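Comments concern the structure below.
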Amino acid sequence: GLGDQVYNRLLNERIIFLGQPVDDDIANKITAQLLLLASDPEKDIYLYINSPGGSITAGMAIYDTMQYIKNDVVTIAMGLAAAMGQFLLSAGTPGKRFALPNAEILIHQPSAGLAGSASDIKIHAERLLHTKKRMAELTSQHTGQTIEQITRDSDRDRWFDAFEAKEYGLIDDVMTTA
Amino acid sequence: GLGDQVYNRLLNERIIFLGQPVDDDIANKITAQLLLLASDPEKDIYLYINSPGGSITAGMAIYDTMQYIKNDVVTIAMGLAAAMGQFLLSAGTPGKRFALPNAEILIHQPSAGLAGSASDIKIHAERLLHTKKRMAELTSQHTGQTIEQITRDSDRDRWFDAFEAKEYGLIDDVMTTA
Amino acid sequence: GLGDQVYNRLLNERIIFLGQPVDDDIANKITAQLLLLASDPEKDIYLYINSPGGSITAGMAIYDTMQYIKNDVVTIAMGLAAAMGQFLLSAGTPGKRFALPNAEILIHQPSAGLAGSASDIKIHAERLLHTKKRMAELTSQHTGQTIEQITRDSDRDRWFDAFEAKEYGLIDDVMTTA
Amino acid sequence: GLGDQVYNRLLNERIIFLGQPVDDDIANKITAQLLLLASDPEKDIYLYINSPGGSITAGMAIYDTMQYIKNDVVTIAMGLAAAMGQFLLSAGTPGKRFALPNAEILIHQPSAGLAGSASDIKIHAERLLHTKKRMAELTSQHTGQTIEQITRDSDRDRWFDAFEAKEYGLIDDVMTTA
Amino acid sequence: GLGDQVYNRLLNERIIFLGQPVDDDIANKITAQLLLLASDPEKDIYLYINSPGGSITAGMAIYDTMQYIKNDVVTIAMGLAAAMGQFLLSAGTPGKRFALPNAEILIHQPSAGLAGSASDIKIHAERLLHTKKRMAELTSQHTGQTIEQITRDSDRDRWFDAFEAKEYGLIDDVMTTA
Amino acid sequence: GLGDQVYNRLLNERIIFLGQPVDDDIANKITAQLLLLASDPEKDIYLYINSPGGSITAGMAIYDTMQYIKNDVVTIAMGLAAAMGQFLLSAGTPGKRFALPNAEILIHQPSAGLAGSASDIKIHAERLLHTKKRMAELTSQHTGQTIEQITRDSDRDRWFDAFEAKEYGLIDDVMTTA
Amino acid sequence: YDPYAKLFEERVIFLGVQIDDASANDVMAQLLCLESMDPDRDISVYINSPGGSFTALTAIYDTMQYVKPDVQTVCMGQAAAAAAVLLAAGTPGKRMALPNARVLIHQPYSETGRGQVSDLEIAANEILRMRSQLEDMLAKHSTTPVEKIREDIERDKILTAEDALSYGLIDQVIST
Amino acid sequence: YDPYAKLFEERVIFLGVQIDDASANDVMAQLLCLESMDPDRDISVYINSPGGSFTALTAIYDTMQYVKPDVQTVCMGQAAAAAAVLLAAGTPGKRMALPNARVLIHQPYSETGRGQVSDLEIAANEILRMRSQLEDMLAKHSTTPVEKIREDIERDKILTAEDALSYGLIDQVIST
Amino acid sequence: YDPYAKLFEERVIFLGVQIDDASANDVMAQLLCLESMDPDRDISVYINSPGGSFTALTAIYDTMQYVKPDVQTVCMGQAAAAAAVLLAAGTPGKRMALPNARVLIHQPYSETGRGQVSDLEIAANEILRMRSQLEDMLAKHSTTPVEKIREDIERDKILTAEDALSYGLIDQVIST
Amino acid sequence: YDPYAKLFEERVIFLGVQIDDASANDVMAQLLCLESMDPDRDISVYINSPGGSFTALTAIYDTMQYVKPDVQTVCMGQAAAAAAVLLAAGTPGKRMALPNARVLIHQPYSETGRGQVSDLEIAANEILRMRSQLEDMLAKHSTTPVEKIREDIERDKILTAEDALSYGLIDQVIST
Amino acid sequence: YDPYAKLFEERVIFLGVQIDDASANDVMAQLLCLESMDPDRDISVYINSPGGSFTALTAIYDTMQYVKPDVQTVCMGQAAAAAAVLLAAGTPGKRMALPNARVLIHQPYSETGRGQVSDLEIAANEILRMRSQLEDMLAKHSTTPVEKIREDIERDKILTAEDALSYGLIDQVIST
Amino acid sequence: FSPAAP
Amino acid sequence: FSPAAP
Amino acid sequence: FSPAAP
Amino acid sequence: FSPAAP
Amino acid sequence: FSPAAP
Amino acid sequence: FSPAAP
Amino acid sequence: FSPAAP
Amino acid sequence: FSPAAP
Amino acid sequence: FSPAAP
Amino acid sequence: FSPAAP
Amino acid sequence: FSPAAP
Amino acid sequence: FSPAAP
Amino acid sequence: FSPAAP
């Protein structure tokens with residue numbers, strides 16, 4: 001009773017919560033909410049990220065529906081923003097990405113597992129490599145860093161404090177206080 | 001229906017319960033409720049803690065939300081307040097932290113499990129060390145004790161009753177009767 | 001459906017049921033109900049105990065919120081009142097504790113389990129001993145028995161009928177008919 | 001489902017079912033319903049029993065609730081009435097106990113499991129023996145048989161149809177038709 | 001939502017479904033429905049059987065409440081009617097038992113399991129044999145066949161189509177069309 | 001629920017679905033719905049079949065209640081119609097059975113498992129053989145094919161396209177577009 | 001173990017486990033080994049078993065029938081199902097039992113695997129033929145007629161030493 | 001293991017496990033092998049067991065009663081129902097027990113599998129007859145009347161060395 | 001293994017596992033074998049065990065008492081429950097322990113299974129009598145009186161080498 | 001296996017498993033067996049173990065101390081707490097480690113059972129006394145004072161060959 | 001089995017399983033036994049294993065380093081992690097591989113359990129030191145400098161026979 | 001099922 | 001169940 | 001599905 | 001439970 | 001909890 | 001979070 | 001079992 | 001166990 | 001353990 | 001493997 | 001391990 | 001998604 | 001099985 005009520009009353013203020021690992025169901029719900037709030041094209045949409053990551057395809061669906069509409073999307077990071085979470089975080093409208101002072105941002109290149117015959121393993125291997133290159137190019141475009149710099153930095157997992165994230169280019173500014 | 005009814009009618013009085021281990025879901029609920037009650041910038045918000053602990057990132061999200069809003073947060077501890085619970089309890093507005101006469105507080109050190117190759121283990125090791133230092137500095141700032149005193153006291157688990165927690169600095173005052 | 005409206009209409013008469021082992025959830029619920037009924041400071045609050053006991057901290061939270069408020073609390077025991085149950089039963093307002101003729105009261109000494117290194121086991125050992133002493137002193141204060149008498153009678157589990165409990169001091173009086 | 005509203009409409013006619021093994025939850029429900037129907041002190045309360053029995057303490061709580069109020073309780077046995085079921089059946093108001101022509105009544109002796117050291121096992125043994133003695137004495141008082149007759153008849157499980165249960169004293173009269 | 005709605009709207013037409021194995025809770029539910037419909041003492045009650053059978057005691061409770069009331073009970077067999085199902089089918093008011101043309105009726109003999117010491121096994125053996133004889137006499141009375149004829153016929157499981165069951169006395173008449 | 005809403009509205013129009021293996025519960029629901037819609041003796045019923053089949057007895061209950069009423073029933077096969085599914089599909093009134101262009105029909109032989117002593121195995125063997133003969137005769141009567149032709153074609157599983165089913169006599173006509 | 005091997009040279013064979021493929025193979029191998037020795041010496045089979053499989057049953061019975069040396073059987077503690085007909089299958093005049101023996105006879109039990117009804121019909125017909133073969137085989141080994149077995153075997157029946165002697169399953173009861 | 005066989009050449013038999021088919025077969029094979037030598041030498045058996053199946057129990061009892069050599073039986077530590085009746089089944093006047101030995105007697109416990117009521121009736125009558133034969137044999141081997149055994153067997157009964165000696169289950173308690 | 005067999009010749013018996021039926025059976029089998037080999041030379045028992053059952057405890061104790069030659073016993077590392085009483089059960093004046101030994105005496109523990117209250121009463125009386133016998137027989141082998149055992153056994157008690165020597169469990173502690 | 005015994009005849013003992021009851025029992029059985037021969041020959045113990053129980057290591061240590069022949073220890077691969085204390089328990093001047101060996105010292109860890117708080121208090125006092133005794137004994141076999149190793153034992157400490165030599169746990173590190 | 005010992009008399013040792021405590025102990029015992037003979041004969045180690053523990057790795061490595069006789073190694077099938085470094089640890093000029101052999105080098109993988117931050121820090125520092133020591137010691141046995149070694153070891157690297165020969169892990173590839 | 005039920 | 005309950 | 005169902 | 005609760 | 005919360 | 005979101 | 005088997 | 005068994 | 005056992 | 005090992 | 005152990 | 005869906 | 005196998 002509490003959760004549904006508070007989520008409804010917050011959504012009434014054009015606020016979307018992403019507080020769980022990204023999968024198909026939550027991605028579909030967020031896409032539906034974004035489309036619904038897209039009815040009014042002159043009001044910004046605010047998205048709060050607290051998630052340890054999720055599937056690639058669902059995150060890319062959310063990313064595409066985020067940049068499809070004219071409505072500006074303002075992302076706020078609280079707690080943890082890792083893997084696909086930080087990718088959605090940095091995908092917001094330029095100049096409108098913020099994080100809390102103690103929020104942590106984890107840059108995490110994709111991981112997956114494959115099985116089958118040699119040809120199937122091959123095909124899935126080039127598909128995974130193409131997906132990784134796609135992610136690297138998108139991150140380089142969004143953050144303003146050079147593509148090879150992002151590729152070098154994304155070889156291992158990297159942790160970022162709010163100020164380091166601001167310096168790197170993932171986040172435009174840091175919420176100090178109300 | 002009893003629990004939802006009583007929780008709703010208590011929330012109408014600006015009272016928030018934290019009566020379970022801190023995870024992503026309860027942290028999101030607490031953040032949403034804090035933001036909702038932040039609509040009035042003059043009425044303080046009262047938060048009651050009976051928890052055995054929880055995760056780090058969720059607790060820091062709640063702490064950042066508490067620090068962001070202009071409304072004073074009055075914290076009351078009953079039963080048990082341990083790990084993240086005591087951190088949130090001591091994170092309240094100065095002069096407005098209280099515990100019941102038989103309340104019990106546990107100062108605890110962060111713990112986690114690690115796996116992977118040597119480089120990943122290394123990276124997560126410095127991340128855990130940085131988190132521990134962050135916690136130590138924050139609690140030293142809040143309580144008034146020095147950094148070295150907190151580090152020595154937080155090496156092992158420590159227990160506090162109401163009065164010795166008041167003496168230490170975790171609690172501003174202890175209540176006796178209505 | 002049925003099984004909830006009866007509880008609603010009984011709570012409308014200032015009656016609280018404790019029919020399950022004491023844990024965090026039921027403790028929080030009962031604390032909320034006690035605070036809710038504390039709005040009117042002149043009408044008594046009646047608590048019915050039938051439980052085999054539970055966690056120490058939850059029972060202590062309930063105990064503290066019982067003696068926090070001005071309202072006199074009247075405890076009635078039916079069926080079984082053991083471990084934390086009998087403690088809450090005897091924690092009622094003096095002169096207002098009752099049991100049914102066939103009710104059984106079990107005085108039980110706290111028990112728990114520990115794990116870890118030598119130092120952690122040590123620290124938890126003194127904490128458990130402190131809890132033991134705290135419980136013994138509170139029981140002696142409430143029942144009018146001496147510290148030595150209570151601590152010697154509580155070495156093993158003890159059983160009490162209604163009249164034995166009345167003679168001992170756990171119960172003020174035993175009711176027979178309406 | 002049909003069950004909720006059919007049970008509510010039957011309860012509107014002062015009808016209570018006991019159609020499952022007796023435990024804490026159903027005992028609490030039945031005690032609450034008995035107390036609620038006790039508001040009117042001039043109407044009888046009817047209890048239909050079809051159960052294989054349950055815990056001793058819950059049954060004794062229900063029995064005490066039955067004996068406490070001035071409202072006469074009419075117990076009707078349908079199907080099976082065993083262990084605590086037949087005890088509650090015979091616990092009704094004298095001259096107001098009935099059973100269906102093909103109902104089976106099983107006189108059963110309490111059973112339990114014990115664990116622990118050689119000293120705790122002792123105490124639980126005398127407690128179990130005392131419970132046995134009280135059950136035998138109450139049955140002898142209610143049915144009109146002597147103490148030793150009930151004791152010898154309850155050594156093993158015993159079965160009764162409607163007529164021989166009526167002859168024994170467990171049942172006042174047997175239902176024939178509407 | 002479909003099942004509850006259709007069952008409700010059928011119950012307003014005095015139609016009771018028995019479409020699952022017979023046990024305690026369904027027996028209590030059907031007894032409650034029969035008592036509820038017994039308020040009108042002229043309209044008959046129609047009961048549809050499709051079940052593979054169940055417990056003896058629940059079936060006997062349903063049987064006793066079926067022949068307790070003045071209201072005539074018209075049983076219709078659809079699909080499968082076996083074990084206690086066919087007993088309830090043949091327990092209807094004489095001249096008012098029907099089956100669908102492709103319905104199968106199985107006469108089955110009781111089965112159970114026993115455990116314990118020699119004396120307990122003995123006692124349960126005579127009780128089970130008494131239940132056998134009770135069932136045999138009841139079905140011989142209902143169908144019109146002699147007792148030993150039923151006993152010899154019920155030694156093994158026996159199957160019946162509509163017409164041979166009709167001529168055997170189990171069913172008064174077979175439905176053909178609307 | 002959206003699905004409950006759409007089923008409710010479609011049933012309100014004239015339509016009945018069948019989208020899972022046939023068991024007791026779904027057969028009872030379909031029988032209840034057919035009886036409910038049988039109140040109007042003029043409007044016809046429509047049944048959409050998409051199921052891999054189920055128990056024989058439930059399917060025969062559905063078949064009997066289809067054959068009972070005056071209301072013509074029009075069966076439409078979509079997706080898969082196998083085992084009892086195709087039997088129900090062919091059970092529709094002559095000239096009013098249809099399938100989609102890519103609908104797929106499977107004629108299947110009854111299967112079951114048996115256990116017990118030699119006599120019980122025997123009895124269940126003749127029962128299964130009688131059921132198989134019953135099904136073969138009913139299929140031959142409905143489709144217009146000769147009895148030995150049907151029992152020869154049902155020896156093994158057989159697959160049918162829409163046009164093959166139309167030619168074989170299982171389906172009166174196949175629809176192409178609205 | 002050593003006692004089994006030591007008793008082996010005395011032409012004594014134990015059947016102390018459930019009847020199955022391995023035990024039957026061992027028993028028939030031992031029977032062949034003993035018959036390969038002096039064919040004028042009897043072979044004693046001590047039976048203490050609750051029954052078991054069926055193909056093992058028939059294999060051991062046929063092996064006993066084929067071997068020219070006379071084979072005597074001694075009941076021991078319990079003989080049920082397969083063990084009962086092994087005990088009754090000894091050469092006439094050489095069937096023995098202990099005073100407190102416990103003999104059980106019951107019709108065969110089976111579980112036909114699930115499948116389409118043709119397979120079940122085949123399996124049921126085979127089970128019925130097997131049951132008919134066993135009733136005939138037990139009838140020819142006992143004084144009782146076929147019909148008497150028809151009443152007797154339909155359920156489980158239990159016979160003691162004297163009951164088995166009167167029935168005809170055994171020939172004599174051991175006393176001292 | 002080596003001490004077991006080494007004690008075995010001294011006509012000493014251990015019964016240290018639960019009674020079942022394998023142990024009964026092994027122990028009675030040992031009995032037969034031991035009596036195969038001169039029957040003028042006693043066979044000593046030491047009992048330490050919580051009991052077991054009744055059929056194997058009866059098999060061991062019968063094979064003890066059959067052989068000519070007298071049998072010493074010595075309780076050692078603890079002897080439950082089957083162990084108790086084996087201990088009481090020794091040759092009269094020559095059954096002993098240890099000073100701290102525990103003897104326990106109780107009526108048989110059984111588990112009739114679920115099934116047809118006729119099958120349950122047959123199994124129940126068999127259990128009743130088996131139990132009745134059990135106390136008949138026990139009263140035969142003891143000095144107490146059968147009715148006394150009936151009264152004393154309905155629940156569990158536990159006797160010490162002196163109690164067993166007085167009751168008649170034991171003829172002598174060895175001290176040192 | 002080879003070392004156990006080699007040490008067996010010098011009348012040294014290990015008890016390094018939990019006390020149960022099989023280990024106890026082996027123990028008194030070896031004790032009887034050593035009795036047979038020479039009745040005039042002592043038997044040494046090295047105890048390192050956490051405890052075990054009680055019936056096996058009493059069986060080993062009675063075997064030790066019955067053996068005419070004295071039984072040396074030394075504790076090694078840790079002895080509790082059955083191990084403690086068995087170590088205390090050695091011949092007077094000839095019981096030893098290592099300097100870093102660890103002796104534990106604790107009240108007996110059991111598990112009374114689910115049953116009718118009469119059965120639980122019988123089991124409770126039996127365990128109480130077992131407790132009384134154990135305490136009396138322990139106080140017999142020590143200078144401390146019975147009621148002293150009452151205070152000292154109600155909970156667990158832990159004694160070192162010197163503590164055991166002073167209390168009476170151990171006659172002398174081995175130095176080097 | 002053959003290499004183990006073959007190395008055994010040259011008075012070489014492996015400890016390559018976790019420390020528990022069976023391994024410790026075998027260890028001091030072999031120690032006593034080697035003691036059986038001339039006491040002028042040293043005993044070499046090769047230690048590669050992640051440690052284990054405390055009572056077992058204490059028993060092995062006591063046996064090592066009781067043996068008059070000097071015992072030398074060689075660490076190689078790894079040595080955890082039990083292995084570390086056993087390795088440091090060798091005679092002075094005869095403790096060696098391989099150049100790339102790893103040594104680990106940490107305070108004892110235990111899982112005290114759930115129970116009455118009095119039982120937990122007794123167990124906690126016992127484990128504290130055990131830790132104090134272990135650290136005192138470790139200070140005995142090293143040049144470092146007791147307070148230094150009490151500080152160093154609170155957490156896990158890992159030392160290499162040179163670090164162990166400097167600390168005092170190893171007399172000398174062998175090279176070739 | 002027979003061929004293993006038969007090859008064993010010819011100073012040939014197989015390493016065909018995962019590296020752990022037991023296999024390492026067997027290998028080191030065999031190495032010691034072989035060197036106990038005339039130290040002028042080479043020892044051949046045939047390696048086909050996917051790796052294993054690191055402590056056992058080091059134990060075998062420095063056991064090979066300690067003995068005077070030259071140790072030659074031959075790879076078969078594959079050699080990963082522990083196997084690769086053991087193969088590279090042979091006597092210079094005496095490392096061989098088969099034409100289709102596979103060599104895999106990768107940095108150590110660890111599973112550090114849950115604990116406080118201090119315990120995690122200690123374990124992580126130990127893991128880093130272990131990996132640094134391993135890479136330094138591997139660079140010692142190879143012509144490539146340490147810089148190239150920890151450039152290459154960061155991910156998995158797989159080399160064939162010719163690749164291993166060019167890298168410096170193998171002195172010569174077996175042809176025919 | 002009318003007629004005649006209902 | 002009337003009469004007489006209810 | 002109209003026409004003709006519905 | 002009146003009197004006197006409630 | 002008033003006073004003073006609430 | 002206003003200002004400025006909302 | 002002799003006599004007479006064997 | 002001699003005397004007297006054996 | 002000699003002396004003195006054995 | 002001779003030549004040359006062994 | 002000689003020299004010098006053994 | 002308008003234009004043009006919706 | 002001789003005769004005649006073997």
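We use all heavy atoms of the structure for the numbers below, so side chains are in, but hydrogens, waters and symmetry mates are not. Throughout, a chain's letter reflects where its sequence line sits, starting with A, and its residues are numbered from 1.
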Worksheet entry | Interatomic distance, E/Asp161 atom CG to F/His130 atom NE2 [nearest 0.5 angstrom] | 6.0 Å
Discussion item. Nearest 0.5 Å, please: how far is OG1 in F/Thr131 from CG in E/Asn102?
Written reply: 10.5 Å
Worksheet item: Should we count NZ of E/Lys122 as having more than 12 external heavy atoms under 6.0 Å?
Response: no
Worksheet item: Checking F/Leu138 against chain E: side chain, backbone, both or neither under 4.5 Å from a heavy atom?
Response: side chain
Worksheet item: Please walk me through it: do E/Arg156 and F/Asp120 pass side chain to side chain contact (heavy atoms under 4.5 Å, CB included)?
Response: CA-CA 8 Å; E/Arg156 296 280 182 178; F/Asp120 307 335; 2.9 Å; yes
Response to the item:
Looking only at heavy atoms, the pair that brings E/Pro101 and F/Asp64 closest together is CG-OD1, 3.5 Å
Worksheet item: Should E/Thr177 and F/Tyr68 count as side-chain neighbours, where that means a heavy-atom distance under 4.5 Å?
Response: no
Fill in: Neighbours of chain F found in residues 6-38 of chain E - heavy atoms under 4.5 Å
E/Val6, E/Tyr7, E/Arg9, E/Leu10, E/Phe17, E/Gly19
Worksheet item: Between F/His124 and E/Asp157, does a side chain to side chain contact (heavy atoms under 4.5 Å, CB included) hold up when you go through it step by step?
Response: CA-CA 9 Å; F/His124 295 335; E/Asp157 310 344; 4.1 Å; yes
Discussion item. Does F/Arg127 form a side chain to side chain contact (heavy atoms under 4.5 Å, CB included) with E/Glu104? I'd like the steps, not just the answer.
Written reply: CA-CA 10 Å; F/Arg127 178 46 44 177; E/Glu104 293 179 353; 3.7 Å; yes
